[PDB]
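Student: Dropping the structure in here first, questions after.
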Amino acid sequence: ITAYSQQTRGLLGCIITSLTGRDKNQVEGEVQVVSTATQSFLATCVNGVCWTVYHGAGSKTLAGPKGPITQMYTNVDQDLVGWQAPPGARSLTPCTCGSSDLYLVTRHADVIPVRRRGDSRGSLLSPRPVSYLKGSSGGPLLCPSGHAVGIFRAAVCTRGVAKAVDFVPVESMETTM
Amino acid sequence: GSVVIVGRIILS
Ligand SMILES: C=C[C@@H]1C[C@]1(NC(=O)[C@@H]1C[C@@H](Oc2cc(-c3ccccc3)nc3cc(OC)ccc23)CN1C(=O)[C@@H](NC(=O)NC(C)(C)C)C(C)(C)C)C(=O)O
Ligand SMILES: [Zn+2]
């Protein structure tokens, strides 16, 4: 269960694309590194929907080939938003395993092992500082088979060191749909 | 403005 990061564009391109809402870049992969002119986070594609956090994306539209992709789903209460995935985006599938051995995928393509300790919680096998996880919201929590368990939402930390992760569970992404 | 794709994470 390995991962690697690829850069698609710079900041100048990100700003102009943010303005026009028209993105003719080739889309590939399941985890999209998404950005605003100010903030950067992640977006995971599950069943043709590009899912991310509300605290990062807001009610903002997503830059697409035929123009701005309007939000298909907006749950402020669950801190979750979704867009119809842009062409080329490869999709992830919900987990049915019921496996407690989870894996969080970060913006720096690190596959950090998590151990499920509730519906929306999972403990970190090796605690990481809050900075290591910053900008990885919307990132996926994978089962050992590589199926979507949830989307990384918030960090459960004690004085700067993250000991666990809070995530939006796929069941709630299916409930939204 | 709109949320922009600026990179990707490819999974094995
Ligand atoms: C270290 C990185 C962490 C992952 C990260 N996340 C974030 O930085 C998120 C953002 C914000 O959390 C939320 C904001 C909003 C929200 C909604 C509407 C409008 C504005 C904000 N809704 C939430 C709903 C939630 O549960 C229902 C849980 C968390 C929601 C706070 N936070 C955290 O991670 C913080 N952690 C928490 O708040 N953790 C608990 C208490 C939820 C377990 C922080 C202290 C580490 C910064 C990021 O990368 O952004
Ligand atoms: Zn599974």
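Ordering of the structure tokens sets the chain letters (A, B, ...); residue numbers start at 1 within each chain; ligands are numbered from 1 in the order shown.
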Name each residue within 10 Å of ligand 2, counting only C-alpha atoms and all ligand atoms, as a list in words.

Tutor: residues 93, 94, 95, 96, 97, 98, 99, 100, 101, 102, 142, 143, 144, 145, 146, 147, 148 and 149 of chain A

Student: Those selected residues, please, written with N, CA and C atoms and delivered as a short mmCIF file (atom, residue, chain, number, x, y, z; two decimals), in the first residue's frame.

Tutor:
data_model
loop_
_atom_site.label_atom_id
_atom_site.label_comp_id
_atom_site.auth_asym_id
_atom_site.auth_seq_id
_atom_site.Cartn_x
_atom_site.Cartn_y
_atom_site.Cartn_z
N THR A 93 -13.25 2.96 -3.87
CA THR A 93 -14.48 2.22 -3.58
C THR A 93 -14.70 2.12 -2.06
N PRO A 94 -15.94 2.24 -1.53
CA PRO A 94 -16.13 2.10 -0.08
C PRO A 94 -15.62 0.77 0.48
N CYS A 95 -15.15 0.80 1.74
CA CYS A 95 -14.65 -0.37 2.43
C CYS A 95 -15.78 -1.20 2.98
N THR A 96 -15.67 -2.52 2.83
CA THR A 96 -16.64 -3.46 3.39
C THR A 96 -15.94 -4.41 4.37
N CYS A 97 -14.57 -4.48 4.32
CA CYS A 97 -13.64 -5.25 5.18
C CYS A 97 -14.11 -5.33 6.63
N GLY A 98 -14.35 -4.16 7.22
CA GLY A 98 -14.64 -4.01 8.63
C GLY A 98 -13.34 -4.07 9.41
N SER A 99 -12.20 -3.98 8.68
CA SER A 99 -10.82 -4.02 9.19
C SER A 99 -10.48 -2.80 10.03
N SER A 100 -9.86 -3.03 11.20
CA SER A 100 -9.43 -1.98 12.12
C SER A 100 -8.06 -1.41 11.73
N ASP A 101 -7.29 -2.14 10.89
CA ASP A 101 -5.98 -1.72 10.38
C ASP A 101 -6.20 -0.71 9.25
N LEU A 102 -6.14 0.58 9.59
CA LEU A 102 -6.34 1.70 8.68
C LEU A 102 -5.01 2.32 8.24
N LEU A 142 -7.60 4.46 4.32
CA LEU A 142 -7.68 3.22 3.54
C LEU A 142 -7.61 2.00 4.41
N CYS A 143 -8.30 0.94 4.00
CA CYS A 143 -8.26 -0.37 4.65
C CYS A 143 -7.02 -1.09 4.04
N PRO A 144 -6.60 -2.30 4.49
CA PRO A 144 -5.42 -2.94 3.86
C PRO A 144 -5.57 -3.27 2.37
N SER A 145 -6.83 -3.33 1.88
CA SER A 145 -7.18 -3.62 0.49
C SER A 145 -7.20 -2.36 -0.40
N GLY A 146 -7.04 -1.20 0.21
CA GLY A 146 -7.03 0.08 -0.50
C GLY A 146 -8.41 0.63 -0.80
N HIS A 147 -9.40 0.31 0.05
CA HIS A 147 -10.77 0.80 -0.10
C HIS A 147 -11.02 1.90 0.90
N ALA A 148 -11.84 2.89 0.52
CA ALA A 148 -12.17 4.06 1.33
C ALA A 148 -12.95 3.74 2.61
N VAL A 149 -12.36 4.07 3.77
CA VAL A 149 -12.93 3.88 5.11
C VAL A 149 -13.53 5.23 5.55
#

Student: Show me which residues are within 10 Å of ligand 1 counting only C-alpha atoms and all ligand atoms, and format the list as a VMD selection string.

Tutor: chain A and resid 39 to 42 53 to 59 75 to 80 106 to 107 120 to 121 128 to 139 151 to 162 164 to 168

Student: Do a neighbour search on residue 2 (chain B) at 12 Å with only C-alpha atoms, toss out local chain neighbours closer than 5 positions, and write the hits as a ChimeraX atom specification.

Tutor: /A:14-23,34-39,56-64,67-71,83

Student: Can you work out which one of A:48, A:150, A:122, A:140 has the shortest atom-to-atom distance to chain B, counting only C-alpha atoms?

Tutor: A:140

Student: Leaving out residue 174 (chain A) and any residue of its chain fewer than 2 positions from it, which residues lie within 10 Å of it when counting only C-alpha atoms, given as a PyMOL selection string?

Tutor: chain A and resi 46-47+94+169-172+176-177

Student: How would the residues just picked look written out with N, CA, C and O atoms as a PDB file, in the first residue's frame?

Tutor:
ATOM      1  N   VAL A  46     -14.367   9.111  -4.488  1.00  0.00           N
ATOM      2  CA  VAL A  46     -15.078   7.900  -4.070  1.00  0.00           C
ATOM      3  C   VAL A  46     -16.375   7.883  -4.861  1.00  0.00           C
ATOM      4  O   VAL A  46     -17.144   8.840  -4.791  1.00  0.00           O
ATOM      5  N   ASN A  47     -16.575   6.825  -5.653  1.00  0.00           N
ATOM      6  CA  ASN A  47     -17.757   6.571  -6.494  1.00  0.00           C
ATOM      7  C   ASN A  47     -18.151   7.765  -7.397  1.00  0.00           C
ATOM      8  O   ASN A  47     -19.305   8.207  -7.398  1.00  0.00           O
ATOM      9  N   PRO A  94     -15.942   2.236  -1.531  1.00  0.00           N
ATOM     10  CA  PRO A  94     -16.131   2.100  -0.079  1.00  0.00           C
ATOM     11  C   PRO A  94     -15.622   0.770   0.483  1.00  0.00           C
ATOM     12  O   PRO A  94     -15.643  -0.255  -0.202  1.00  0.00           O
ATOM     13  N   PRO A 169     -16.742   9.216   8.180  1.00  0.00           N
ATOM     14  CA  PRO A 169     -16.825   7.829   7.679  1.00  0.00           C
ATOM     15  C   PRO A 169     -17.651   7.686   6.395  1.00  0.00           C
ATOM     16  O   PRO A 169     -18.687   8.346   6.271  1.00  0.00           O
ATOM     17  N   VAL A 170     -17.206   6.796   5.456  1.00  0.00           N
ATOM     18  CA  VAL A 170     -17.861   6.524   4.160  1.00  0.00           C
ATOM     19  C   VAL A 170     -19.366   6.293   4.284  1.00  0.00           C
ATOM     20  O   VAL A 170     -20.104   6.698   3.393  1.00  0.00           O
ATOM     21  N   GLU A 171     -19.820   5.688   5.388  1.00  0.00           N
ATOM     22  CA  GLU A 171     -21.246   5.452   5.631  1.00  0.00           C
ATOM     23  C   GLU A 171     -22.029   6.766   5.543  1.00  0.00           C
ATOM     24  O   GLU A 171     -23.085   6.813   4.917  1.00  0.00           O
ATOM     25  N   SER A 172     -21.451   7.845   6.083  1.00  0.00           N
ATOM     26  CA  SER A 172     -22.033   9.180   6.042  1.00  0.00           C
ATOM     27  C   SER A 172     -21.900   9.810   4.653  1.00  0.00           C
ATOM     28  O   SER A 172     -22.719  10.647   4.296  1.00  0.00           O
ATOM     29  N   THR A 176     -25.273  10.842   2.550  1.00  0.00           N
ATOM     30  CA  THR A 176     -25.334  12.137   1.858  1.00  0.00           C
ATOM     31  C   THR A 176     -25.834  11.938   0.412  1.00  0.00           C
ATOM     32  O   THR A 176     -26.667  12.719  -0.051  1.00  0.00           O
ATOM     33  N   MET A 177     -25.361  10.862  -0.270  1.00  0.00           N
ATOM     34  CA  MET A 177     -25.727  10.498  -1.653  1.00  0.00           C
ATOM     35  C   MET A 177     -27.138   9.873  -1.802  1.00  0.00           C
ATOM     36  O   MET A 177     -27.706   9.368  -0.800  1.00  0.00           O
TER      37      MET A 177
END

Student: Would you please give, as a list in words, all residues of chain B that DSSP assigns to strand (DSSP E or B) based on the backbone?

Tutor: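 Restricting chain B to strand (DSSP E or B) produces residues 3, 4, 5, 6, 7, 8, 9, 10 and 11 of chain B.
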
Student: Those same residues - N, CA, C and O atoms - I'd like them written as a PDB file, in the first residue's frame.

Tutor:
ATOM      1  N   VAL B   3     -11.937  26.062  -6.130  1.00  0.00           N
ATOM      2  CA  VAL B   3     -10.915  25.133  -5.619  1.00  0.00           C
ATOM      3  C   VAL B   3     -10.211  24.547  -6.868  1.00  0.00           C
ATOM      4  O   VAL B   3     -10.887  24.193  -7.838  1.00  0.00           O
ATOM      5  N   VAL B   4      -8.868  24.539  -6.877  1.00  0.00           N
ATOM      6  CA  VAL B   4      -8.063  24.137  -8.035  1.00  0.00           C
ATOM      7  C   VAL B   4      -7.231  22.907  -7.758  1.00  0.00           C
ATOM      8  O   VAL B   4      -6.623  22.807  -6.693  1.00  0.00           O
ATOM      9  N   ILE B   5      -7.164  21.989  -8.736  1.00  0.00           N
ATOM     10  CA  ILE B   5      -6.298  20.810  -8.632  1.00  0.00           C
ATOM     11  C   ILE B   5      -4.878  21.277  -9.015  1.00  0.00           C
ATOM     12  O   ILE B   5      -4.678  21.853 -10.092  1.00  0.00           O
ATOM     13  N   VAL B   6      -3.925  21.101  -8.081  1.00  0.00           N
ATOM     14  CA  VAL B   6      -2.536  21.562  -8.181  1.00  0.00           C
ATOM     15  C   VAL B   6      -1.536  20.382  -8.031  1.00  0.00           C
ATOM     16  O   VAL B   6      -0.310  20.564  -8.055  1.00  0.00           O
ATOM     17  N   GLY B   7      -2.079  19.181  -7.888  1.00  0.00           N
ATOM     18  CA  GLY B   7      -1.277  17.978  -7.734  1.00  0.00           C
ATOM     19  C   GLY B   7      -2.115  16.744  -7.533  1.00  0.00           C
ATOM     20  O   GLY B   7      -3.341  16.838  -7.479  1.00  0.00           O
ATOM     21  N   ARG B   8      -1.458  15.578  -7.434  1.00  0.00           N
ATOM     22  CA  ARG B   8      -2.115  14.281  -7.263  1.00  0.00           C
ATOM     23  C   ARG B   8      -1.279  13.350  -6.411  1.00  0.00           C
ATOM     24  O   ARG B   8      -0.055  13.465  -6.379  1.00  0.00           O
ATOM     25  N   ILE B   9      -1.947  12.376  -5.772  1.00  0.00           N
ATOM     26  CA  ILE B   9      -1.321  11.293  -5.025  1.00  0.00           C
ATOM     27  C   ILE B   9      -1.769  10.019  -5.757  1.00  0.00           C
ATOM     28  O   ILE B   9      -2.973   9.769  -5.884  1.00  0.00           O
ATOM     29  N   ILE B  10      -0.816   9.270  -6.311  1.00  0.00           N
ATOM     30  CA  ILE B  10      -1.121   8.036  -7.021  1.00  0.00           C
ATOM     31  C   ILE B  10      -0.893   6.875  -6.061  1.00  0.00           C
ATOM     32  O   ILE B  10       0.184   6.766  -5.458  1.00  0.00           O
ATOM     33  N   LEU B  11      -1.927   6.028  -5.901  1.00  0.00           N
ATOM     34  CA  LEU B  11      -1.902   4.872  -4.997  1.00  0.00           C
ATOM     35  C   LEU B  11      -1.619   3.565  -5.735  1.00  0.00           C
ATOM     36  O   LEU B  11      -2.134   3.358  -6.837  1.00  0.00           O
TER      37      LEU B  11
END

Student: Check the smallest atom-to-atom distance from each of A:104, A:50, A:109, A:92 to chain B using only C-alpha atoms, then report the winner.

Tutor: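 Ranking A:104, A:50, A:109, A:92 by distance to chain B, first place goes to A:109.
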
Student: How many Å lie between CA of residue 30 (chain A) and CA of residue 89 (chain A), rounded to one decimal?

Tutor: 6.2 Å

Student: Between CA of residue 105 (chain A) and CA of residue 119 (chain A), what distance in Å does the model show, to one decimal?

Tutor: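 If I compute the distance from CA of residue 105 (chain A) to CA of residue 119 (chain A), I get 18.4 Å.
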